[PDB]
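K.L.:
I'd like to ask some things about the structure below.
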Amino acid sequence: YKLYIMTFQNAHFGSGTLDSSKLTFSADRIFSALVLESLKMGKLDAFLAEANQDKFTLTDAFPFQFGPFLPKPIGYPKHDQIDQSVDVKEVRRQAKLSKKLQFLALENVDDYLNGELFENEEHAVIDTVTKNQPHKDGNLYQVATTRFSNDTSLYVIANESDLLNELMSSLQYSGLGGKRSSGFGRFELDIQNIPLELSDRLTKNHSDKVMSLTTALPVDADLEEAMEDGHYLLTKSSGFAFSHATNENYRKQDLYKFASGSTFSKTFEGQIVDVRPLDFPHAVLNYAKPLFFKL
RNA sequence: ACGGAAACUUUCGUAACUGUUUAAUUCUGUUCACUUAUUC
């Protein structure tokens with residue numbers, strides 16, 4: 001509906017452990033950031049009645065290098081396309097190149113299903129930095145960073161309103177993920193109006209071989225009915241909570257969701273799960289609002 | 001209500017000791033203040 005192009009430079013997005021880092025990040029990082037900063041501004045109760053309005057949703061961090069990128073379809077293609085049958089060694093060595101691929105181009109969303117295999121474009125390299133502490137037994141730690149290159153940018157698709165544009169205006173000067181108390185999260189928001197005439201297949205009604213993204217999460221009333229005959233991949237996303245009145249900061253429960261680009265068969269619903277381990281004066285919200293692409 | 005929050009590759013240390021641009025070498029070899037001339 002409306003994409004928000006933003007580029008990163010020397011950022012950090014861990015996945016499992018603080019020392020490790022990935023080029024992208026899950027969709028729950030953006031939703032858990034605007035709600036945390038809404039209380040500091042003075043409108044936490046205003047955004048609570050907006051996220052639960054069905055039409056309001058968010059997208060994952062997709063690369064943008066002279067064109068929007070989309071994840072590869074999980075399980076596609078099937079066992080029918082061999083792509084130039086020459087030898088069993090040449091066909092087997094090129095099948096892994098598509099497995100290590102991260103995102104596909106906007107113009108290759110239709111040619112990949114017909115029979116085409118190629119190596120993903122080199123977006124950025126994983127670089128790490130070292131730190132220590134002199135007045136504490138000389139201890140040290142290692143953390144990784146993400147330095148984009150070759151004009152590597154990202155974009156998130158949301159809904160146009162007169163309240164969301166002001167909440168994200170301060171996020172570019174406040175950090176986003178990783179070591180926020182250093183400067184690993186500052187970016188620049190490039191606002192736009194017209195997205196693209198091809199990337200308008202986002203629907204949530206009919207079910208014609210759709211594809212769920214942004215880590216799907218089925219509802220209790222529709223789990224196995226949409227899980228049978230599908231392609232998915234279980235991941236992992238958790239960590240310690242961040243509150244201001246606990247004196248302990250309890251651990252959030254595990255929420256093994258899916259991956260960006262899973263192909264099911266029917267249309268889900270999307271709910272908001274509440275993470276309450278012991279007791280908290282507030283409520284740890286979560287995204288869990290997957291979209292669908294016509295493919 | 002962000003696998004996050006708290007954190008100096010920091011504290012220490014002359015690129016240093018030693019060693020003549022030195023030894024050898026005449027600004028000298030040839031050269032009339034000269035030629036003509038009554039203090040008558």
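Here's how to read the names in the structure tokens: chain A, B, ... by the order shown, residue numbers from 1 in each chain, ligand numbers from 1 in the order shown.
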So that each row is one residue of chain A with an atom at most 8 Å from chain B, can you give its shortest atom pair and the distance in Å to one decimal, using only C-alpha atoms (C1' of nucleotides), rows by chain and rising number, as CSV?

P.N.:
residue,atom,partner,partner_atom,distance
A:14,CA,B:3,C1',6.0
A:15,CA,B:3,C1',5.7
A:16,CA,B:3,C1',4.8
A:17,CA,B:3,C1',5.1
A:18,CA,B:3,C1',5.8
A:29,CA,B:2,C1',5.6
A:30,CA,B:2,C1',7.5
A:32,CA,B:2,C1',5.6
A:33,CA,B:2,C1',5.1
A:35,CA,B:1,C1',5.7
A:36,CA,B:1,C1',4.0
A:37,CA,B:1,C1',7.7
A:130,CA,B:9,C1',7.8
A:131,CA,B:9,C1',6.6
A:132,CA,B:9,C1',6.4
A:133,CA,B:7,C1',5.8
A:134,CA,B:10,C1',5.0
A:176,CA,B:2,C1',7.0
A:177,CA,B:2,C1',5.6
A:178,CA,B:4,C1',7.5
A:237,CA,B:3,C1',7.5
A:238,CA,B:3,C1',6.3
A:239,CA,B:3,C1',4.8
A:240,CA,B:4,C1',6.4
A:241,CA,B:4,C1',7.3
A:242,CA,B:1,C1',7.0
A:243,CA,B:1,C1',6.7
A:282,CA,B:1,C1',7.7
A:283,CA,B:1,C1',7.6
A:284,CA,B:1,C1',6.2
A:285,CA,B:1,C1',7.5

K.L.:
From a DSSP calculation on the backbone, collect every residue of segment 37-238 of chain A in alpha helix (DSSP H) and output the set as JSON, numbers by chain.

P.N.:
{"A": [37, 38, 39, 40, 41, 44, 45, 46, 47, 48, 49, 50, 51, 88, 89, 90, 91, 92, 93, 94, 95, 96, 97, 98, 99, 112, 113, 114, 115, 164, 165, 166, 167, 224, 225, 226, 227]}

K.L.:
One decimal, in Å: what's the spacing between atom CA of residue 72 of chain A and atom CA of residue 34 of chain A?

P.N.:
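These two atoms are separated by 28.1 Å.
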
K.L.:
Can you work out the spacing between atom CA of residue 103 of chain A and atom CA of residue 257 of chain A in Å, to one decimal?

P.N.:
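Separating atom CA of residue 103 of chain A from atom CA of residue 257 of chain A is a distance of 19.4 Å.
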
K.L.:
Among the residues of segment 106-269 of chain A, find those DSSP assigns to strand (DSSP E) from the backbone and print them as a list in words.

P.N.:
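Written out, the strand (DSSP E) residues of segment 106-269 of chain A are residues 124, 125, 126, 127, 128, 129, 130, 131, 132, 140, 141, 142, 143, 144, 145, 146, 147, 148, 153, 154, 155, 156, 157, 158, 188, 189 and 190 of chain A.
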
K.L.:
Mind dumping the selected residues with C-alpha atoms as a short mmCIF file (atom, residue, chain, number, x, y, z; two decimals), in the first residue's frame?

P.N.:
data_model
loop_
_atom_site.label_atom_id
_atom_site.label_comp_id
_atom_site.auth_asym_id
_atom_site.auth_seq_id
_atom_site.Cartn_x
_atom_site.Cartn_y
_atom_site.Cartn_z
CA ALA A 124 26.85 -6.68 2.22
CA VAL A 125 29.57 -8.46 4.19
CA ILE A 126 29.43 -9.42 7.87
CA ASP A 127 32.00 -7.40 9.82
CA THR A 128 32.68 -7.50 13.56
CA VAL A 129 34.13 -5.09 16.11
CA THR A 130 35.83 -5.68 19.45
CA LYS A 131 35.44 -3.95 22.82
CA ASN A 132 36.69 -4.45 26.36
CA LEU A 140 36.28 -8.26 26.72
CA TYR A 141 33.46 -9.25 24.39
CA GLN A 142 32.84 -9.60 20.66
CA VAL A 143 29.90 -8.22 18.67
CA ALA A 144 29.09 -8.21 14.96
CA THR A 145 27.91 -5.33 12.77
CA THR A 146 26.23 -4.94 9.38
CA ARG A 147 27.89 -2.51 6.95
CA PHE A 148 25.78 -2.18 3.81
CA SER A 153 18.60 -0.06 1.36
CA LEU A 154 15.48 -1.45 3.01
CA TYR A 155 11.77 -0.68 2.93
CA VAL A 156 8.71 -1.47 5.04
CA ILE A 157 5.10 -1.41 3.80
CA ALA A 158 2.39 -0.14 6.14
CA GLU A 188 17.04 8.17 7.26
CA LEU A 189 13.37 7.84 6.32
CA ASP A 190 12.74 8.36 2.59
#

K.L.:
Calculated over only C-alpha atoms, which of the candidates A:259, A:194, A:6, A:275 has the smallest distance to residue 215 of chain A?

P.N.:
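The closest residue to residue 215 of chain A is A:259.
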